[PDB]
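Each chain is listed here by its residues.
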Amino acid sequence: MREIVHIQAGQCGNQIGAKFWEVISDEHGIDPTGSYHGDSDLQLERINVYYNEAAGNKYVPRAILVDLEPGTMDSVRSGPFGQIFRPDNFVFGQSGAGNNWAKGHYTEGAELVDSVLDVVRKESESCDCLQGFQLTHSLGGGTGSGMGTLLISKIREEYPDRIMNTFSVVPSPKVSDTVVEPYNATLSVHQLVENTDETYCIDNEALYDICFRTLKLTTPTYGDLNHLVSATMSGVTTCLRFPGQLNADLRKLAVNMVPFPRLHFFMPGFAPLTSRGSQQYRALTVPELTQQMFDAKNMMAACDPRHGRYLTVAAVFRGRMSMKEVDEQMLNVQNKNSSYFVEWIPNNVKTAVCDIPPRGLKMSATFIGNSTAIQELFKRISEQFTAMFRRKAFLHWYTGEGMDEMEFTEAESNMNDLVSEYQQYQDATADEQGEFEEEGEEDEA
Amino acid sequence: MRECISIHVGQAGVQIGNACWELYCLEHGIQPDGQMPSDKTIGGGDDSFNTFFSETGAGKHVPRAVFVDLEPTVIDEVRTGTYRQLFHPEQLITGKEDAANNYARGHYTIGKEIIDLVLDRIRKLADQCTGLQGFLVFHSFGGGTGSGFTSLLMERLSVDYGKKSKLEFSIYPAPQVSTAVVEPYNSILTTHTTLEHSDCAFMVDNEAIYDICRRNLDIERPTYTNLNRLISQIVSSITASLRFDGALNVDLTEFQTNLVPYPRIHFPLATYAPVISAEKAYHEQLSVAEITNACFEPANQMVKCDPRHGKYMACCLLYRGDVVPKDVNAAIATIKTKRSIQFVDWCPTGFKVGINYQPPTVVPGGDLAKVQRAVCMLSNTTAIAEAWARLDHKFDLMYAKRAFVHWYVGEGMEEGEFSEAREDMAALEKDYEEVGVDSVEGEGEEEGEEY
Ligand SMILES: Nc1nc2c(ncn2[C@@H]2O[C@H](COP(=O)(O)OP(=O)(O)OP(=O)(O)O)[C@@H](O)[C@H]2O)c(=O)[nH]1
Ligand SMILES: Nc1nc2c(ncn2[C@@H]2O[C@H](COP(=O)(O)OP(=O)(O)O)[C@@H](O)[C@H]2O)c(=O)[nH]1
Ligand SMILES: [Mg+2]
């Protein structure tokens, strides 16, 4: 009944997307013909959530591909599962975005985005109950940033009550891959903040460190780094496709992760994560899953959650699980870690358990934690953004596509407002707030 | 699709284009008469390089190149050389008289007699680009046609194709080596005309590349064929993302969006590495860190100013072949952490990184290093303001005495042209000084207490 569309945008977001769709094709036993030859009733009987059904025993993935540069799009076509992707779900420019969010918003994306909206519609009249929208993209990209926030802000006017959810590559704290990152990220966050429902922050500085520390990978490749992402998007959607003791679908998830409509940026995590050495020795249990889920170096953001307080947490456990053993581990953390939860949201946990583990793991858990700690991202990016717009640096390229200086001011005004809202609630009292004045004593006349 | 078009302007541009267009055939298997010697899809397929060639006949390649100097002697060497049967015969273009190492002969007389024949053949190449990116010009600032025709081509292109990527690739003035008595004038009449047009312009000096060949490659005898056959790998490392697949590829637009804080400050200085002798390549370790170290080394820079005399604004550091994104992140984090390797106070974000899977490939006909991986770097920095100060020195001694100016007069040029180009150099000097400053705030005058 209930079915999800995914979009993939940017050279970044399609390279993630193409491999998400492999990992998923594996979970469902899809052969690179687009044919089911898997190994359980359920895999085929909940294939609907993700693929269109087609005659002659074929499934077509309900995913769209978008980039204004033709390069990587053809790399996806002649690679792995590239032939299962629908040719008419590839929508590509000629020029690129040039790393430029305003070339994506105003030029080469306006010129192309209706032709996509039409395919998004043709997908939406394929969904009996349209769940909503997943995106993979990059905030430091051009097209993922600029033509994705074009698409995000246009969907919302056309699809008002559906969820619109995002898995963004986000700028990292030590290095940078593109110079206009703070402009692209901050112009992005301006649109995202008021046209989306979830914002999963994914960071390569953490992904590179998880690959090096926890998996003892001497040389982490992007092959490696997308895998973790795919197995987490997997995680986050496991409760539509696969049954268990508690099902937490994308609606139910979001309700328990967003306390006010702008505080919707998260630190996801995956568990377990173990080298080929480690796998021999660590027991794969509900308490070692929970401990790895809260482990402050194992989150998918290069920002330390122990710098703030959890508003809210969610977990998606996968496989043969025992309900008291889950709940009490969720309780043991909240007891030994009282300092890491916000005090006026009580009992900060959303549990949920699936019967069915990820292919090639005997049991796993997914973390989606919502902390104040994300203040760090918006703190760094808005100073780097004032570092740029204060001196009109890099800005001629974007004004040069029809943007105005008012807009840089409004993207900034909002991010500064936003970091002030997360810092208003960083360590906000359970004790009353303000207006501390009173009535006096009766006086002789 | 993603098409680029090169223009090889004057004797240096031409001598360079013969090096470049050996390697642009050689990377794909394409032979010296345009032939694909074995083709898995005759009439389609991969062939990822229709970005650099148009196909004809039974899968013969025609390149997307143009050659022009007003000297037959340097173009006939294309039409009688080793590659004569590759190129297109109306793309080996001449003129009736060469430009004497002078500007005005280009811009107002004899280049102005050939510009409309050239712009027309360029229009026929351009209409056959389904996804025209833009165009590159290859020159010397010190050249005669180099100065006199680039200027007149980019006065034409930038309002013929406009928003299309406008690029230059320039031999940039040597500190102590010289070729001609008239180089300072040729350089400065072109910056005046053409810096209003290029979105990014990429820079190298022969005095550094002679150093690279004598030190790094350990060559006793750099011919210009030894020199230019290094430069091939610079544009091969820039152009890879359009010619092969990978992991993080960079279009001809993105260099602009990332290298350029300001649209006068778009002249980044190249370097490329590793560069070793055929003795050194067997004792080196040649990991991504050790390449990236040698890439910021001052001696190793392909324009001969020490970057330490400057401060870095921005940079682009693309990787090719056997390279890993975490390993690259590690070398960026290392040069970043050494803050002694100096950026401007204001810099929030200074970098542009790329991954292409196809390796470095050399030429036939040397004792050469067949490395597994390489970097190609461009540095934007106030260190170019040391070599502007040299053009400020050279110019004023000649121009005050009014030495040579009558040779420019007599072939179509205003006196006010020299003056107004050096005026622009008086601006550029300061355009580069208003950046090298630290971001601290305040104005006017005070002498008393607030406290
Ligand atoms: N790197 C390099 N620089 C070259 C080469 N040939 C000459 N030069 C440089 O380019 C300039 C010389 O070119 P010119 O002789 O002026 O050639 P032109 O531009 O065609 O001028 P005319 O021939 O008078 O039309 C000087 O600044 C030289 O240092 C070459 O093949 N490699
Ligand atoms: N994690 C991840 N990031 C990638 C990958 N490839 C590219 N990126 C990142 O995405 C950005 C590149 O932007 P790009 O996609 O080229 O721009 P766009 O095509 O205009 O949307 C940089 O931050 C890269 O590190 C990948 O497969 N995985
Ligand atoms: Mg000449």
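Position numbers follow the written sequence of each chain, starting from 1, instead of the entry's numbering, which may differ; residues with no coordinates are not represented. Lettering for chains starts from A, numbering for ligands starts from 1, and both go in the order in which the items are written. Shown here is a subset of chains from a larger assembly, with all values computed for this subset only. The side-chain quantities take in all heavy atoms of the structure and omit both hydrogens and water.

*Asks:* Please provide a residue-by-residue account of the interface of chain A and chain B, values included.
*Replies:* By a widespread convention, an interface's size corresponds to the accessible area lost as its parts come together. Residues count as neighbours in contact if any of their non-hydrogen atoms are within 4.5 Å of one another. At the interface, 40 residues of chain A touch 39 residues of chain B. A buried area of about 3600 Å², summed over both sides, lies between chain A and chain B, and 55% of it is on carbon and sulfur atoms. Its largest share of buried area at the contact with chain B, chain A owes to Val179, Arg391 and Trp397 of chain A, together 18% of the area lost on that side. Whenever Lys or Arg places a side-chain nitrogen within 4 Å of a carboxyl oxygen from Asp or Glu, that contact is recorded as a salt bridge. Taken together, chain A and chain B are joined by three salt bridges. Between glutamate 441 of chain B and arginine 390 of chain A there is a salt bridge; the shortest N-O distance is 2.8 Å. We define a polar contact as two N or O atoms separated by no more than 3.5 Å, with the added condition that, inside protein, one atom must be a possible hydrogen donor and the other a possible acceptor, whereas residues neighbouring each other in sequence contribute only through side-chain atom pairs. Summed over the shared surface of chain A and chain B, the number is 23 residue pairs in polar contact. Per-class residue counts for the side of chain A that touches chain B are 15 nonpolar, 16 polar and nine charged. Using a 1.4 Å probe, buried area is obtained as the accessible area two parts lose upon being combined, added over both of them. All amino acids are sorted into three groups, where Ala, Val, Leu, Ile, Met, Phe, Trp, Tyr, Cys and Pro are nonpolar, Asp, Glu, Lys and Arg are charged, and the leftover types, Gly among them, are polar.

*Asks:* A description of helix 11 (residues 288–296) of chain B should follow, citing residues and the corresponding values.
*Replies:* Residue and element names in this part refer to chain B. For helix 11, the complete set of buried residues consists of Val288, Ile291, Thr292, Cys295 and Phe296. Projected down its long axis, helix 11 carries its buried residues within an arc of 130°, all on one side. Counting from the N terminus, the helices are the DSSP runs of H or I reaching at least four residues and the strands are the DSSP runs of E reaching at least two. Contacts from the buried residues of helix 11 go to strand 10 (269–273), strand 11 (312–321), helix 12 (325–337) and strand 13 (373–381). Relative accessibility decides the category of a residue: with a 1.4 Å probe and only protein chains considered, values under 20% of the type maximum give buried, values over 50% give exposed, and everything between is partly exposed. To be clear, the arc concerns the directions from the helix axis to the C-beta atoms.

*Asks:* Tell me what's going on with the site of ligand 2, and back it up with residues and numbers.
*Replies:* Of all residues adjacent to ligand 2, which total 19 residues, the nearest are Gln11, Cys12, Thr143, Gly144 and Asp177 of chain A. With respect to ligand 2, the chains having nearby residues are chains A and B. Residue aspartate 177 of chain A places a side-chain N or O atom 2.8 Å away from an oxygen atom belonging to ligand 2. Per-element tally for the shell around ligand 2: the top contributor is helix 1 (residues 10–27) of chain A, with five residues. Whether a residue is near a molecule or strand depends on its heavy atoms: it is near if one of them lies within 4 Å of it.

*Asks:* Can you explain the coordination of the magnesium ion (ligand 3)? Please cite residues and give values.
*Replies:* Residue and element names in this part refer to chain B. At 1.9 Å from the magnesium ion (ligand 3) lie its protein donor atoms, namely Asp69 (OD), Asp69 (OD) and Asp98 (OD). Coordinating donors are taken to be N, O and S atoms lying within 2.8 Å of the metal, or within 3.2 Å when the metal is Na, K or Ca; because water is excluded from the atom set, some sites may appear incomplete. Only two sets of limits are used to name each site, 85 to 135 degrees for every angle of a tetrahedral four-donor site, and over 155 degrees for opposite donors with all other angles from 65 to 115 for a square planar four-donor or octahedral six-donor site, with any other site named irregular. Taken together, the six donor atoms surrounding the magnesium ion (ligand 3) define angles of 64 to 176° at the centre, an arrangement classified as irregular. Here the residue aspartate 69 occupies a position in the loop between strand 4 (65–68) and helix 2 (72–79), and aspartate 98 occupies one in the loop between strand 5 (92–93) and helix 3 (103–109), the gap between them amounting to 29 residues. Taking relative accessible area as the criterion, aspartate 98 reaches 32% and is therefore assigned partly exposed.

*Asks:* Talk me through helix 2 of chain B; I want residue IDs and the actual numbers.
*Replies:* One turn of an α-helix holds 3.6 residues; hence residues three or four places apart share an orientation. Residues and elements named next belong to chain B. The set of residues buried in helix 2 consists of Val74, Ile75 and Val78. For helix 2, the buried positions fall inside an angular range of 90° around the axis, keeping them on one side. For helix 2, exposure combined with an orientation more than 90 degrees from the buried face picks out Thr73 and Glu77. Those residues of helix 2 that are buried lie in contact with helix 1 (10–26), strand 4 and strand 5.

*Asks:* Which residues make up unusual backbone geometry, and what are the values?
*Replies:* Each neighbour pair has its own omega, and for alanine 271 of chain A with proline 272 of chain A the value is 5°, a cis peptide bond. Structurally, the position occupied by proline 272 of chain A is in the loop between strand 11 (265–271) and helix 12 (286–293). The omega angle of the peptide bond from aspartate 46 of chain B to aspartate 47 of chain B is 0°, so this bond is cis rather than trans. Within the secondary structure, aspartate 47 of chain B is located in the loop between helix 1 and strand 2 (53–56). For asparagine 99 of chain A, which is not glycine, the phi torsion reads 60° and is therefore positive. Of the residues examined, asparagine 99 of chain A reaches a relative accessible area of 8% and is grouped as buried. Notably, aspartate 427 of chain A is not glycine yet its phi reads approximately 65°, a positive angle. Summarising the element assignment, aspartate 427 of chain A is placed in the segment after helix 16 (405–425).

*Asks:* Please provide a residue-by-residue account of the pairing of strand 13 of chain B, values included.
*Replies:* Residues and elements named next belong to chain B. Counted residue by residue, strand 13 has nine buried out of nine residues, so it is predominantly covered. Of the two faces of strand 13, both are covered, the one formed by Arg373, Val375, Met377, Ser379 and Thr381 as well as the one formed by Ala374, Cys376, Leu378 and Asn380. When DSSP finds two or more bridges between two strands, those strands count as paired. Pairing between strand 10 and strand 13: five bridges, direction antiparallel. The residue bridging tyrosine 272 from the neighbouring strand is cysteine 376, located in strand 13. Pairing of strand 11 with strand 13, which is carried by nine bridges, proceeds in the antiparallel orientation. Paired with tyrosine 319 across the bridge in strand 13 is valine 375.

*Asks:* Before we move on, could you go through the UniProt feature "active site" in chain B and cite the residues and values that matter?
*Replies:* UniProt positions are given in the numbering used here, feature names are shortened, and annotations may be inferred rather than shown by experiment. In this numbering, the UniProt entry assigns the feature "active site" to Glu254 of chain B. Mapped onto the elements of the fold, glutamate 254 of chain B is located in helix 10 (residues 254–259). What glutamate 254 of chain B contacts, discounting residues up to four positions off in sequence, is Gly98 and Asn99 of chain A together with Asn249 and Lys352 of chain B.

*Asks:* Go over the pattern of salt bridges with me, naming the residues and quoting the values.
*Replies:* Tallied over the entire structure, the rule returns 48 salt bridges over all chains. Across the pair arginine 359 of chain A and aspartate 26 of chain A runs a salt bridge whose closest N-O atoms are separated by 3.7 Å. Taken as a pair, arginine 359 of chain A in the loop between strand 14 (353–354) and strand 15 (364–371) and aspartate 26 of chain A in helix 1 lie far apart in primary sequence, 333 residues in all. The partly exposed category is assigned to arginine 359 of chain A, whose relative accessible area is 38%. The residue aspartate 39 of chain A makes a salt bridge to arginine 359 of chain A at a minimum N-O spacing of 2.8 Å. Here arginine 359 of chain A lies in the loop between strand 14 and strand 15 and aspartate 39 of chain A lies in the loop between strand 3 (35–36) and helix 2 (41–45), a separation of 320 residues in the sequence. Shared partners join several salt bridges into a network, and the residues in it are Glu207, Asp211, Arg215 and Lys304 of chain B.

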